[PDB]
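Encoded as structure tokens, the following chain is the form solved without its partner chain, with no partner shown.
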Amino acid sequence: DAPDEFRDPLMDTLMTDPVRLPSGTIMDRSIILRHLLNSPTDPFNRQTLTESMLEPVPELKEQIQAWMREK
């Protein structure tokens, strides 16, 4: 299994492409972008959210790729 900080909020899925929202939530880029196709909102607190507000988390993305190298 994988540590919680490498997984999407509430989910079992590994974030291969983590992004931070302005609120502080970190989640996979592929989830939040598909949510934004339907609604211009942060899905958790309902604030306005657009794609340009998302930030990469390079150190976490690298740490996750490093963890994937344990097979």
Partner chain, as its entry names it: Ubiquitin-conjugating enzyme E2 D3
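By rigid core we mean the largest C-alpha set that fits within 1.5 Å across both forms. Shifts are known only where both forms have a C-alpha. Residue numbers count along the first chain shown, from 1.
In what follows, reference is made to the form solved in complex with its partner chain, a form of this protein that is not presented.
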property: Contact test in the deposited complex: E62 vs its partner chain, heavy atoms, 4.5 Å; result: no
property: Contact test in the deposited complex: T13 vs its partner chain, heavy atoms, 4.5 Å; result: yes
property: Residues in 23-56 with any heavy atom within 4.5 Å of its partner chain in the deposited complex; result: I31, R34, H35, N38, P43, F44, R46
property: Is_shifted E62 between this form and the one not shown (CA, 2 Å cut-off, rigid core); result: no
property: Once both forms are overlaid on the core, stretches between this form and the one not shown of 3 or more residues with C-alpha shifts of 2 Å or more; result: 10-12
